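Visitor: Provided below: target_2.cif, containing mmCIF, C-alpha atoms and all ligand atoms.
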data_protein
#
loop_
_atom_site.label_atom_id
_atom_site.label_comp_id
_atom_site.auth_asym_id
_atom_site.auth_seq_id
_atom_site.Cartn_x
_atom_site.Cartn_y
_atom_site.Cartn_z
CA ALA Z 1 146.44 100.46 24.21
CA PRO Z 2 148.57 102.07 21.45
CA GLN Z 3 151.47 103.97 22.99
CA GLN Z 4 150.11 107.09 21.27
CA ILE Z 5 146.77 107.02 23.12
CA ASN Z 6 148.36 105.84 26.33
CA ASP Z 7 150.75 108.82 26.33
CA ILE Z 8 148.23 111.55 25.47
CA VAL Z 9 145.92 110.24 28.20
CA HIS Z 10 148.41 110.00 31.07
CA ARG Z 11 150.11 113.28 30.11
CA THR Z 12 146.74 115.03 30.43
CA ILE Z 13 144.84 113.30 33.22
CA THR Z 14 147.66 112.88 35.73
CA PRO Z 15 148.23 116.60 36.38
CA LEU Z 16 144.42 117.05 36.33
CA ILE Z 17 143.93 114.56 39.16
CA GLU Z 18 146.80 116.18 41.04
CA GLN Z 19 145.63 119.78 40.62
CA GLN Z 20 141.99 119.02 41.36
CA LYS Z 21 142.77 116.47 44.09
CA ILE Z 22 140.46 113.89 42.52
CA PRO Z 23 140.31 110.70 44.66
CA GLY Z 24 139.36 108.33 41.86
CA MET Z 25 138.88 108.50 38.12
CA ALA Z 26 137.91 106.34 35.16
CA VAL Z 27 138.48 107.34 31.56
CA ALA Z 28 137.54 105.67 28.31
CA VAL Z 29 138.78 106.83 24.92
CA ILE Z 30 136.92 105.52 21.89
CA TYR Z 31 139.37 105.52 19.00
CA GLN Z 32 138.20 104.34 15.59
CA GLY Z 33 135.22 102.75 17.31
CA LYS Z 34 137.17 100.69 19.87
CA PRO Z 35 137.40 101.63 23.57
CA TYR Z 36 140.49 101.88 25.76
CA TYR Z 37 140.23 102.13 29.53
CA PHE Z 38 142.28 103.92 32.15
CA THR Z 39 141.77 103.95 35.91
CA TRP Z 40 143.34 105.85 38.81
CA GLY Z 41 142.91 106.11 42.57
CA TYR Z 42 140.11 105.10 44.92
CA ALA Z 43 136.39 104.43 44.80
CA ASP Z 44 136.51 104.26 48.62
CA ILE Z 45 139.40 106.05 50.34
CA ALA Z 46 138.71 104.53 53.78
CA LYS Z 47 138.46 100.90 52.66
CA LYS Z 48 141.22 101.53 50.11
CA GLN Z 49 139.06 100.15 47.28
CA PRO Z 50 140.52 100.96 43.85
CA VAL Z 51 138.62 102.32 40.88
CA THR Z 52 138.18 99.53 38.31
CA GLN Z 53 136.23 99.08 35.10
CA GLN Z 54 133.37 97.79 37.30
CA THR Z 55 133.15 100.77 39.66
CA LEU Z 56 129.84 102.63 39.50
CA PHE Z 57 129.88 106.44 39.29
CA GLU Z 58 127.00 108.87 39.64
CA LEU Z 59 126.45 110.41 36.20
CA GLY Z 60 124.57 113.44 37.45
CA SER Z 61 123.13 115.36 34.50
CA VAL Z 62 124.76 113.06 31.95
CA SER Z 63 121.55 111.12 32.79
CA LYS Z 64 119.64 113.70 30.71
CA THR Z 65 121.16 112.25 27.53
CA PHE Z 66 119.49 108.92 28.46
CA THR Z 67 116.19 110.70 29.12
CA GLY Z 68 116.41 112.52 25.79
CA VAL Z 69 117.02 109.28 23.91
CA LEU Z 70 114.23 107.46 25.77
CA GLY Z 71 111.98 110.37 24.80
CA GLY Z 72 113.28 110.12 21.26
CA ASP Z 73 112.49 106.41 21.18
CA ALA Z 74 108.89 107.05 22.39
CA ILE Z 75 108.48 109.50 19.51
CA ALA Z 76 109.77 106.93 17.04
CA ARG Z 77 107.23 104.50 18.51
CA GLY Z 78 104.49 107.01 17.79
CA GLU Z 79 103.57 107.12 21.47
CA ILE Z 80 104.21 110.89 21.80
CA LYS Z 81 104.85 113.96 19.61
CA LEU Z 82 107.16 116.85 20.53
CA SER Z 83 104.55 119.16 19.01
CA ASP Z 84 101.94 118.05 21.57
CA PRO Z 85 100.82 120.36 24.37
CA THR Z 86 101.90 119.25 27.83
CA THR Z 87 98.28 119.13 28.96
CA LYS Z 88 97.65 116.28 26.54
CA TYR Z 89 99.65 114.05 28.93
CA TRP Z 90 98.72 115.71 32.21
CA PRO Z 91 95.08 116.84 31.83
CA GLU Z 92 95.13 118.06 35.45
CA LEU Z 93 97.47 120.84 34.34
CA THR Z 94 94.59 123.30 34.18
CA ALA Z 95 96.54 126.52 34.81
CA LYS Z 96 96.17 128.69 31.69
CA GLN Z 97 99.88 129.48 31.56
CA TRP Z 98 100.39 125.90 30.34
CA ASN Z 99 98.51 126.82 27.17
CA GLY Z 100 101.12 126.68 24.42
CA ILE Z 101 103.87 124.79 26.25
CA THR Z 102 104.76 121.68 24.23
CA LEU Z 103 106.86 118.63 25.07
CA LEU Z 104 109.60 120.24 22.94
CA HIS Z 105 109.74 123.28 25.23
CA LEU Z 106 110.00 120.95 28.22
CA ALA Z 107 112.73 118.74 26.77
CA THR Z 108 114.81 121.74 25.67
CA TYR Z 109 114.55 124.10 28.65
CA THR Z 110 112.57 126.63 26.63
CA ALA Z 111 109.23 126.50 28.52
CA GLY Z 112 109.60 130.00 29.93
CA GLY Z 113 111.67 129.89 33.10
CA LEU Z 114 110.90 126.60 34.85
CA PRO Z 115 113.37 126.45 37.82
CA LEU Z 116 116.71 124.62 37.76
CA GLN Z 117 115.69 122.65 40.82
CA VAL Z 118 112.39 121.24 42.04
CA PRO Z 119 111.97 122.45 45.65
CA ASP Z 120 113.01 119.85 48.25
CA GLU Z 121 109.59 120.39 49.81
CA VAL Z 122 107.92 118.78 46.78
CA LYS Z 123 107.67 115.13 47.82
CA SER Z 124 104.32 113.80 46.51
CA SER Z 125 102.68 113.58 43.08
CA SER Z 126 100.16 116.05 44.45
CA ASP Z 127 103.05 118.28 45.60
CA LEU Z 128 104.46 118.10 42.08
CA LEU Z 129 101.14 119.05 40.46
CA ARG Z 130 100.71 122.00 42.84
CA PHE Z 131 104.28 123.11 42.10
CA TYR Z 132 103.73 123.18 38.33
CA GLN Z 133 100.22 124.63 38.63
CA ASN Z 134 101.47 127.56 40.70
CA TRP Z 135 104.56 128.20 38.59
CA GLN Z 136 104.46 131.62 36.92
CA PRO Z 137 106.42 131.78 33.63
CA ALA Z 138 108.92 134.61 33.19
CA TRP Z 139 108.89 134.48 29.40
CA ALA Z 140 106.79 133.19 26.54
CA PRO Z 141 107.59 129.62 25.46
CA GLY Z 142 110.36 129.12 22.93
CA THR Z 143 112.10 132.45 23.56
CA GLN Z 144 114.71 131.83 26.28
CA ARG Z 145 116.76 128.85 27.48
CA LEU Z 146 117.23 128.19 31.18
CA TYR Z 147 118.92 124.89 31.98
CA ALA Z 148 116.52 123.16 34.38
CA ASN Z 149 115.92 119.78 36.03
CA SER Z 150 112.23 120.64 36.47
CA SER Z 151 111.92 121.08 32.70
CA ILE Z 152 113.61 117.97 31.25
CA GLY Z 153 112.55 116.05 34.34
CA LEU Z 154 108.88 116.59 33.50
CA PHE Z 155 109.51 115.70 29.86
CA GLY Z 156 110.85 112.32 30.99
CA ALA Z 157 107.97 111.57 33.36
CA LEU Z 158 105.40 112.48 30.71
CA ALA Z 159 107.10 110.75 27.79
CA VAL Z 160 106.61 107.30 29.35
CA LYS Z 161 102.92 107.72 30.31
CA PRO Z 162 101.39 106.23 27.13
CA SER Z 163 103.55 103.09 27.52
CA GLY Z 164 101.99 102.40 30.91
CA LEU Z 165 105.48 101.60 32.22
CA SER Z 166 107.27 103.36 35.06
CA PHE Z 167 110.24 105.55 34.06
CA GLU Z 168 112.80 103.09 35.40
CA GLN Z 169 111.00 100.19 33.74
CA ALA Z 170 110.89 101.91 30.34
CA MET Z 171 114.52 103.01 30.60
CA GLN Z 172 115.67 99.47 31.42
CA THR Z 173 113.57 97.71 28.83
CA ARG Z 174 113.77 100.26 26.03
CA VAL Z 175 117.31 101.61 26.44
CA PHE Z 176 119.56 99.71 28.87
CA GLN Z 177 118.82 96.14 27.78
CA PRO Z 178 118.82 96.62 23.98
CA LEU Z 179 122.21 98.33 24.27
CA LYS Z 180 123.53 95.77 26.75
CA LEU Z 181 124.17 98.34 29.49
CA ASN Z 182 124.03 95.58 32.09
CA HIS Z 183 125.70 97.68 34.76
CA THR Z 184 123.76 100.91 34.41
CA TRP Z 185 121.15 101.62 37.10
CA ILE Z 186 118.73 104.24 38.37
CA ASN Z 187 118.48 102.31 41.63
CA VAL Z 188 121.63 100.33 42.40
CA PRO Z 189 120.67 96.83 43.63
CA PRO Z 190 122.22 95.28 46.77
CA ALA Z 191 124.24 92.84 44.66
CA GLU Z 192 126.00 95.82 43.06
CA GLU Z 193 126.46 97.97 46.17
CA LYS Z 194 130.06 96.89 46.65
CA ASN Z 195 130.93 98.50 43.30
CA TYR Z 196 129.20 101.78 44.11
CA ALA Z 197 131.91 104.38 44.56
CA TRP Z 198 131.62 107.07 47.23
CA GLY Z 199 131.42 110.69 46.11
CA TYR Z 200 133.59 113.21 47.94
CA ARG Z 201 132.63 116.73 48.93
CA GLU Z 202 134.94 118.61 51.26
CA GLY Z 203 136.49 115.34 52.38
CA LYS Z 204 133.16 113.76 53.22
CA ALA Z 205 131.86 110.59 51.57
CA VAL Z 206 128.49 111.21 49.94
CA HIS Z 207 125.90 109.71 47.60
CA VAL Z 208 123.19 111.60 45.70
CA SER Z 209 120.11 112.33 47.82
CA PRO Z 210 116.57 111.25 46.82
CA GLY Z 211 114.43 113.92 45.18
CA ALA Z 212 111.50 114.66 42.90
CA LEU Z 213 112.18 113.71 39.28
CA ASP Z 214 115.66 112.53 40.29
CA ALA Z 215 115.53 109.45 38.04
CA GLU Z 216 114.50 111.54 35.05
CA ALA Z 217 117.04 114.37 35.51
CA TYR Z 218 120.19 113.13 37.32
CA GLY Z 219 119.79 109.62 38.70
CA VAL Z 220 121.69 107.19 36.50
CA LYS Z 221 124.78 105.38 37.89
CA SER Z 222 127.08 103.57 35.50
CA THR Z 223 130.53 102.10 34.88
CA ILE Z 224 133.22 103.24 32.47
CA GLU Z 225 132.56 100.13 30.33
CA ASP Z 226 128.83 100.79 29.93
CA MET Z 227 129.44 104.50 29.30
CA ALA Z 228 131.84 103.61 26.49
CA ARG Z 229 129.12 101.46 24.86
CA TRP Z 230 126.69 104.36 25.42
CA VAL Z 231 129.10 106.60 23.47
CA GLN Z 232 129.63 103.96 20.76
CA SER Z 233 125.85 103.72 20.34
CA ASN Z 234 125.53 107.48 19.96
CA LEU Z 235 128.47 107.66 17.54
CA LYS Z 236 127.04 105.06 15.17
CA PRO Z 237 123.25 104.86 15.66
CA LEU Z 238 122.67 103.23 12.28
CA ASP Z 239 124.33 100.13 13.72
CA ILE Z 240 121.75 99.68 16.49
CA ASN Z 241 119.33 96.80 15.87
CA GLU Z 242 116.21 98.38 17.41
CA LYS Z 243 114.47 100.52 14.83
CA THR Z 244 112.89 103.01 17.23
CA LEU Z 245 116.01 103.26 19.43
CA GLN Z 246 118.16 103.93 16.39
CA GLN Z 247 115.75 106.69 15.40
CA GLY Z 248 115.45 107.96 18.98
CA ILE Z 249 119.21 108.42 19.22
CA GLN Z 250 119.17 110.40 15.96
CA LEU Z 251 116.35 112.61 17.20
CA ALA Z 252 118.20 113.45 20.42
CA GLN Z 253 121.14 114.71 18.38
CA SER Z 254 119.00 116.87 16.07
CA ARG Z 255 119.36 120.65 16.50
CA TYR Z 256 116.19 122.33 17.78
CA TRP Z 257 117.58 125.64 19.05
CA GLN Z 258 120.70 127.71 18.76
CA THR Z 259 122.23 129.96 21.39
CA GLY Z 260 125.65 131.41 20.57
CA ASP Z 261 127.42 128.65 18.68
CA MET Z 262 125.76 125.98 20.80
CA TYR Z 263 122.82 123.89 19.58
CA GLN Z 264 120.30 122.20 21.85
CA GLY Z 265 119.30 118.60 21.26
CA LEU Z 266 117.31 116.30 23.55
CA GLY Z 267 119.65 116.03 26.54
CA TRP Z 268 122.75 116.27 24.33
CA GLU Z 269 124.32 119.62 23.46
CA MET Z 270 126.20 120.22 20.20
CA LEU Z 271 128.66 122.57 18.49
CA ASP Z 272 129.99 122.51 14.94
CA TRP Z 273 133.35 120.81 14.40
CA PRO Z 274 136.16 121.86 14.16
CA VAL Z 275 135.37 123.77 17.29
CA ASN Z 276 137.07 126.63 19.06
CA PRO Z 277 138.10 125.18 22.45
CA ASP Z 278 137.19 128.56 23.96
CA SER Z 279 133.66 128.14 22.64
CA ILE Z 280 133.15 124.99 24.68
CA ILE Z 281 135.61 125.48 27.57
CA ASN Z 282 134.30 128.94 28.49
CA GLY Z 283 130.69 127.98 27.81
CA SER Z 284 130.95 125.16 30.36
CA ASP Z 285 131.62 127.23 33.50
CA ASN Z 286 128.45 126.98 35.58
CA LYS Z 287 128.12 130.76 35.31
CA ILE Z 288 127.30 130.57 31.57
CA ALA Z 289 125.87 127.04 31.29
CA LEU Z 290 123.06 127.75 33.79
CA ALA Z 291 122.27 131.42 32.88
CA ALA Z 292 119.32 132.85 30.92
CA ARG Z 293 120.03 132.98 27.19
CA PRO Z 294 117.83 133.92 24.21
CA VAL Z 295 117.32 131.13 21.66
CA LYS Z 296 116.80 131.03 17.94
CA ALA Z 297 114.58 128.26 16.67
CA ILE Z 298 115.93 126.08 13.90
CA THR Z 299 112.90 125.42 11.74
CA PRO Z 300 112.77 122.65 10.91
CA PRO Z 301 115.33 121.02 13.23
CA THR Z 302 118.57 119.92 11.54
CA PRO Z 303 119.03 116.12 11.56
CA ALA Z 304 121.98 114.77 13.52
CA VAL Z 305 125.05 116.46 12.02
CA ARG Z 306 128.05 114.11 11.78
CA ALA Z 307 130.54 117.01 11.92
CA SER Z 308 129.72 118.01 15.48
CA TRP Z 309 131.19 118.03 18.93
CA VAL Z 310 128.43 116.36 20.99
CA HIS Z 311 128.79 116.48 24.77
CA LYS Z 312 127.21 116.83 28.20
CA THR Z 313 128.58 117.54 31.66
CA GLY Z 314 127.12 116.11 34.82
CA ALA Z 315 127.61 116.58 38.53
CA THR Z 316 126.08 115.53 41.82
CA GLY Z 317 127.39 116.62 45.21
CA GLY Z 318 130.23 114.12 45.07
CA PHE Z 319 130.75 113.27 41.40
CA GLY Z 320 131.86 115.03 38.24
CA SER Z 321 131.35 113.48 34.82
CA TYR Z 322 131.84 114.43 31.19
CA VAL Z 323 131.10 112.83 27.82
CA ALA Z 324 132.11 114.12 24.40
CA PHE Z 325 132.31 112.59 20.93
CA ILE Z 326 132.78 113.58 17.28
CA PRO Z 327 130.73 111.31 14.99
CA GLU Z 328 132.66 112.17 11.84
CA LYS Z 329 135.91 111.01 13.45
CA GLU Z 330 134.52 108.01 15.32
CA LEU Z 331 136.22 109.65 18.28
CA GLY Z 332 134.96 110.00 21.85
CA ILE Z 333 135.80 110.20 25.52
CA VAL Z 334 134.22 109.56 28.93
CA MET Z 335 135.58 110.94 32.17
CA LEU Z 336 134.09 109.77 35.47
CA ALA Z 337 135.36 111.11 38.81
CA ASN Z 338 134.13 110.90 42.40
CA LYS Z 339 134.70 114.60 42.99
CA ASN Z 340 132.80 117.50 41.44
CA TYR Z 341 135.56 119.68 39.98
CA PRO Z 342 135.33 122.66 37.53
CA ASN Z 343 133.70 122.04 34.14
CA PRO Z 344 136.30 124.06 32.21
CA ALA Z 345 138.94 121.65 33.51
CA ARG Z 346 136.93 118.73 32.12
CA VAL Z 347 136.36 120.23 28.69
CA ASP Z 348 140.00 121.33 28.50
CA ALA Z 349 141.35 117.85 29.19
CA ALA Z 350 138.84 116.25 26.80
CA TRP Z 351 139.75 118.65 24.00
CA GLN Z 352 143.49 118.10 24.41
CA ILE Z 353 143.11 114.32 24.21
CA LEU Z 354 140.64 114.33 21.30
CA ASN Z 355 142.45 117.03 19.32
CA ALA Z 356 145.66 115.01 19.57
CA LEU Z 357 144.00 111.94 18.05
CA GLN Z 358 142.81 114.08 15.10
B1 LIG H 401 123.47 118.40 36.27
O1 LIG H 401 124.54 117.56 36.89
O2 LIG H 401 123.84 119.66 35.72
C1 LIG H 401 122.59 118.79 37.51
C2 LIG H 401 122.43 117.90 38.54
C3 LIG H 401 121.72 118.20 39.66
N1 LIG H 401 121.62 117.21 40.79
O3 LIG H 401 121.16 117.53 41.83
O4 LIG H 401 122.12 116.13 40.70
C4 LIG H 401 121.11 119.47 39.76
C5 LIG H 401 121.25 120.38 38.73
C6 LIG H 401 122.00 120.02 37.60
#
Translate the structure of the given file into C-alpha cells.
Guide:
Amino acid sequence: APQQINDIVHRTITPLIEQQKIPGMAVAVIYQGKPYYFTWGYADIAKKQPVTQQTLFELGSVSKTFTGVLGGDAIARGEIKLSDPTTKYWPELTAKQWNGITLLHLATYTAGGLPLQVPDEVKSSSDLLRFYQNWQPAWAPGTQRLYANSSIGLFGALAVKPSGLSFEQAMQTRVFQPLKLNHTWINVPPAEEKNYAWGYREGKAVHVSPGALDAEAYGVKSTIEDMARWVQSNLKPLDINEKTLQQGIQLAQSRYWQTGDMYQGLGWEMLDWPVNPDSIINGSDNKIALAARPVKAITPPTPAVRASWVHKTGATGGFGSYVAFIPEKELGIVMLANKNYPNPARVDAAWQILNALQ
C-alpha cells in the first residue's frame, strides 16, 4: 500500500486499539476504487489465532444495509412497492392500527414507535404475529423516527414473500452471489467455523445469540475482503451487471426522510459532503442514534446523491463495526473489530483517515 495510506492508517488505528483495548481488528481503505487491507491482533485470544483477511466478523446492524438493498432489488423486480400497505403482504395483520403503515414506514423506522428490540419471548411465527397485532403505536406513521430492529426486520421478512424464497435464500441468490461475496453468511457453515472470530464482552468470548428477525436485522457475518467489495459495489452501482441489483443499490441510497442534517435511506444513512465531523461523530453516540426524532419527508425522495457521506454502524454483544464511503471521491473505509467500543471513536477514526486522503 502507498506509504501515504499506510501511514494515515497506522497513525490512527494503533492508538484506537490501545485506548479501547480492542483484541482484533481488520480495516480496509478503498482508495480510487482499489482496496488496501490492514490487520491487527487476535480473532481468538485463547488459541492465539490472528486476524487475517479471511477472519469472519459479526456485522451487527451493518446487516441492515444488505436488507435495504435486497428490498431495493425486490422493488426493481416489481415484486413489491414501498407505497404498499403492510397488510398487503401479511393479510393476517388485522389490527386497525396497521391501516396506513406502508413498507416505506417499516424500512425507515417511521411506522410510529415500533420497538428497538423484538422481545426475547417472541419465538414462533405465531408469537411474532401476536406481538405486532398487540403493538400500540405512539405516533402517526411518517412523523417520528425511532431506530428499530422490529421495524426494518419486518420489512426484510415481508419484502421476500412474493419471491417464494426464504430470506437467507434470497439474500444469497440475489445479493451475495451476484456480487461475489463468497465469504458472507447469515448462518456460518461448519467448513467456515475455524475463521469465525470470537466477540469479546467484559473479557468473555461471545457470539451473537439467536433471535426473532435476527437474519433480517443484525445477522450477517463477513470478512474484510467481502466488505470491501460490498463498499465498492455501493460506491459505483452503475458498474454492477445485474439490472435490478444496480437499481436496488441506488434506491437504498435515496433520501426518504431528513432529521437534523441526516438523511434516511434503506438501511444506509447519509449526510451531505463535505460534512462537519461533529455532525456525524456526535450523532453516532447511542444516546442520539437511538432516540425519538421528528422527521421531514422528502417528497419525492432524492436519488442517490454522489456528494454524500454514506455510512452505518453495527454492533452485537462482542463486535463493533463501521462502514463509510464518499461516492464522489471513490473513497471508503471498513472497520471490523471483535469488541463493541464507542461509536464516536469509530466515526472519529474513519473521518481522520478519509479526510486525509481528500
Ligand atoms: B445494530 O447493531 O444497531 C443493533 C444490533 C442489535 N443486535 O442485537 O445485534 C440490536 C439493536 C441494534
Visitor: Could you please give me, as a PDB file with C-alpha atoms, keeping the file's coordinate frame, the residues of protein, DNA or RNA lying at most 10 Å from (138.5, 107.5, 49.1) in the coordinate frame of the file, considering only C-alpha atoms?
Guide:
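Saved result, point.pdb, follows:
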ATOM      1  CA  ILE Z  22     140.460 113.890  42.520  1.00  0.00           C
ATOM      2  CA  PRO Z  23     140.310 110.700  44.660  1.00  0.00           C
ATOM      3  CA  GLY Z  24     139.360 108.330  41.860  1.00  0.00           C
ATOM      4  CA  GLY Z  41     142.910 106.110  42.570  1.00  0.00           C
ATOM      5  CA  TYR Z  42     140.110 105.100  44.920  1.00  0.00           C
ATOM      6  CA  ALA Z  43     136.390 104.430  44.800  1.00  0.00           C
ATOM      7  CA  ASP Z  44     136.510 104.260  48.620  1.00  0.00           C
ATOM      8  CA  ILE Z  45     139.400 106.050  50.340  1.00  0.00           C
ATOM      9  CA  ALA Z  46     138.710 104.530  53.780  1.00  0.00           C
ATOM     10  CA  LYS Z  47     138.460 100.900  52.660  1.00  0.00           C
ATOM     11  CA  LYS Z  48     141.220 101.530  50.110  1.00  0.00           C
ATOM     12  CA  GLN Z  49     139.060 100.150  47.280  1.00  0.00           C
ATOM     13  CA  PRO Z  50     140.520 100.960  43.850  1.00  0.00           C
ATOM     14  CA  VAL Z  51     138.620 102.320  40.880  1.00  0.00           C
ATOM     15  CA  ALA Z 197     131.910 104.380  44.560  1.00  0.00           C
ATOM     16  CA  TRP Z 198     131.620 107.070  47.230  1.00  0.00           C
ATOM     17  CA  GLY Z 199     131.420 110.690  46.110  1.00  0.00           C
ATOM     18  CA  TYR Z 200     133.590 113.210  47.940  1.00  0.00           C
ATOM     19  CA  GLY Z 203     136.490 115.340  52.380  1.00  0.00           C
ATOM     20  CA  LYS Z 204     133.160 113.760  53.220  1.00  0.00           C
ATOM     21  CA  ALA Z 205     131.860 110.590  51.570  1.00  0.00           C
ATOM     22  CA  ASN Z 338     134.130 110.900  42.400  1.00  0.00           C
TER      23      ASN Z 338
END
Visitor: Pick the closest to residue 252 (chain Z) from Z:75, Z:336, Z:128, Z:29: which is it, counting all atoms listed in the file?
Guide: Z:75
Visitor: Find the nearest atom pair between each residue of chain Z and ligand LIG 401 (chain H) for residues within 12 Å, count only C-alpha atoms and all ligand atoms, give distances in Å to one decimal, sort rows by chain and ascending number, and present the table as a tab-separated table.
Guide:
residue	atom	partner	partner_atom	distance
Z:58	CA	H:LIG401	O4	8.8
Z:59	CA	H:LIG401	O1	7.4
Z:60	CA	H:LIG401	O1	4.2
Z:61	CA	H:LIG401	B1	3.5
Z:62	CA	H:LIG401	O1	6.7
Z:63	CA	H:LIG401	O1	8.2
Z:64	CA	H:LIG401	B1	8.2
Z:65	CA	H:LIG401	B1	10.9
Z:115	CA	H:LIG401	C5	10.0
Z:116	CA	H:LIG401	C5	6.3
Z:117	CA	H:LIG401	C5	6.4
Z:118	CA	H:LIG401	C4	9.2
Z:119	CA	H:LIG401	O3	11.1
Z:120	CA	H:LIG401	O3	10.6
Z:146	CA	H:LIG401	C6	11.4
Z:147	CA	H:LIG401	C6	8.0
Z:148	CA	H:LIG401	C5	7.0
Z:149	CA	H:LIG401	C5	6.0
Z:150	CA	H:LIG401	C5	9.3
Z:151	CA	H:LIG401	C5	11.1
Z:152	CA	H:LIG401	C6	10.7
Z:153	CA	H:LIG401	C5	10.7
Z:207	CA	H:LIG401	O4	10.2
Z:208	CA	H:LIG401	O4	6.8
Z:209	CA	H:LIG401	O3	8.0
Z:210	CA	H:LIG401	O3	9.2
Z:211	CA	H:LIG401	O3	8.3
Z:212	CA	H:LIG401	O3	10.1
Z:213	CA	H:LIG401	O3	10.1
Z:214	CA	H:LIG401	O4	7.4
Z:215	CA	H:LIG401	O4	9.8
Z:216	CA	H:LIG401	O4	10.5
Z:217	CA	H:LIG401	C2	7.1
Z:218	CA	H:LIG401	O4	4.9
Z:219	CA	H:LIG401	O4	7.2
Z:220	CA	H:LIG401	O4	9.9
Z:221	CA	H:LIG401	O4	11.4
Z:267	CA	H:LIG401	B1	10.7
Z:268	CA	H:LIG401	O2	11.9
Z:284	CA	H:LIG401	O2	10.5
Z:285	CA	H:LIG401	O2	11.1
Z:286	CA	H:LIG401	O2	8.7
Z:287	CA	H:LIG401	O2	11.9
Z:289	CA	H:LIG401	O2	8.8
Z:290	CA	H:LIG401	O2	8.4
Z:312	CA	H:LIG401	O2	8.7
Z:313	CA	H:LIG401	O2	6.6
Z:314	CA	H:LIG401	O1	3.6
Z:315	CA	H:LIG401	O1	3.6
Z:316	CA	H:LIG401	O4	4.2
Z:317	CA	H:LIG401	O4	7.0
Z:318	CA	H:LIG401	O4	9.4
Z:319	CA	H:LIG401	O1	8.8
Z:320	CA	H:LIG401	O1	7.9
Z:321	CA	H:LIG401	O1	8.2
Z:322	CA	H:LIG401	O1	9.8
Z:340	CA	H:LIG401	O1	9.4
Z:341	CA	H:LIG401	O1	11.6
Z:342	CA	H:LIG401	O1	12.0
Z:343	CA	H:LIG401	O2	10.3
Visitor: With distances taken over all atoms listed in the file, which residue among Z:35, Z:265, Z:294, Z:190 lies nearest residue 141 (chain Z)?
Guide: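 With all atoms listed in the file as the atom set, the closest residue is Z:294.
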Visitor: Can you pull out every residue within 8 Å of residue 245 (chain Z), counting only C-alpha atoms, but drop anything in the same chain fewer than 2 positions away, and send it as a PyMOL selection string?
Guide: chain Z and resi 69-70+72-73+76+174-175+240+242-243+247-249
Visitor: Distance CA of residue 186 (chain Z)-CA of residue 30 (chain Z), one decimal place?
Guide: 24.6 Å
Visitor: Do you know which residues are at most 6 Å from residue 102 (chain Z) counting only C-alpha atoms, after dropping those on the same chain fewer than 4 positions away, and could you put them as a list in words?
Guide: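 Using only C-alpha atoms, the neighbours found are residues 83, 84, 85 and 86 of chain Z.
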Visitor: Can those selected residues be exported to a file as a short mmCIF file (atom, residue, chain, number, x, y, z; two decimals), in the frame of the given file so that it contains C-alpha atoms?
Guide:
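Printed below is out_35.cif as written:
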data_model
loop_
_atom_site.label_atom_id
_atom_site.label_comp_id
_atom_site.auth_asym_id
_atom_site.auth_seq_id
_atom_site.Cartn_x
_atom_site.Cartn_y
_atom_site.Cartn_z
CA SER Z 83 104.55 119.16 19.01
CA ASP Z 84 101.94 118.05 21.57
CA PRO Z 85 100.82 120.36 24.37
CA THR Z 86 101.90 119.25 27.83
#
Visitor: Write out as JSON, numbers by chain each polymer residue whose atoms come within 10 Å of residue 131 (chain Z), counting only C-alpha atoms; drop sequence neighbours fewer than 5 positions from it.
Guide: {"Z": [118, 119, 121, 122, 125, 126, 136]}
Visitor: Need the shell around residue 90 (chain Z): protein/DNA/RNA residues with any atom at most 10 Å away, counting only C-alpha atoms. Skip same-chain ones fewer than 5 positions apart. Format as a CSV table (one decimal) with C-alpha atoms, keeping the file's coordinate frame?
Guide:
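part-v7.csv, freshly written:
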chain,number,residue,atom,x,y,z
Z,85,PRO,CA,100.8,120.4,24.4
Z,129,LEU,CA,101.1,119.0,40.5
Z,158,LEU,CA,105.4,112.5,30.7
Z,161,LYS,CA,102.9,107.7,30.3
Visitor: What does the distance between CA of residue 330 (chain Z) and CA of residue 303 (chain Z) come to in Å, to one decimal place?
Guide: 17.9 Å
Visitor: Given only C-alpha atoms as the basis, pick out the residue of Z:350, Z:228, Z:292, Z:9 nearest to residue 34 (chain Z).
Guide: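 Smallest separation from residue 34 (chain Z) among the options: Z:228.
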Visitor: Check the smallest atom-to-atom distance from each of Z:164, Z:113, Z:15, Z:33 to residue 291 (chain Z) using all atoms listed in the file, then report the winner.
Guide: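 That would be Z:113, the residue with the smallest distance to residue 291 (chain Z).
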Visitor: Tell me, in Å to one decimal, how far CA of residue 326 (chain Z) is from CA of residue 233 (chain Z).
Guide: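 For CA of residue 326 (chain Z) relative to CA of residue 233 (chain Z), the distance reads 12.4 Å.
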Visitor: Given all atoms listed in the file as the basis, pick out the residue of Z:358, Z:184, Z:55, Z:133 nearest to residue 92 (chain Z).
Guide: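 Ranked by minimum distance to residue 92 (chain Z), first place goes to Z:133.
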Visitor: Which residues, written as a list in words, have at least one atom at most 8 Å from residue 269 (chain Z), with all atoms listed in the file counted and residues fewer than 4 positions away on the same chain left out?
Guide: residues 253, 262, 263, 264, 265, 310, 311 and 312 of chain Z
Visitor: Could you check the closest approach to residue 79 (chain Z) for each of Z:258, Z:162, Z:275, Z:93 and tell me which residue wins, using all atoms listed in the file?
Guide: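 Among the listed residues, Z:162 lies closest to residue 79 (chain Z).
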Visitor: Please give the centre and size of the box around region 339-356 of chain Z (axis-aligned, containing every atom listed in the file, 3 Å added per side), with values in Å to one decimal and written as AutoDock Vina command-line options.
Guide:
--center_x 139.2 --center_y 119.2 --center_z 31.2 --size_x 18.9 --size_y 15.7 --size_z 29.7
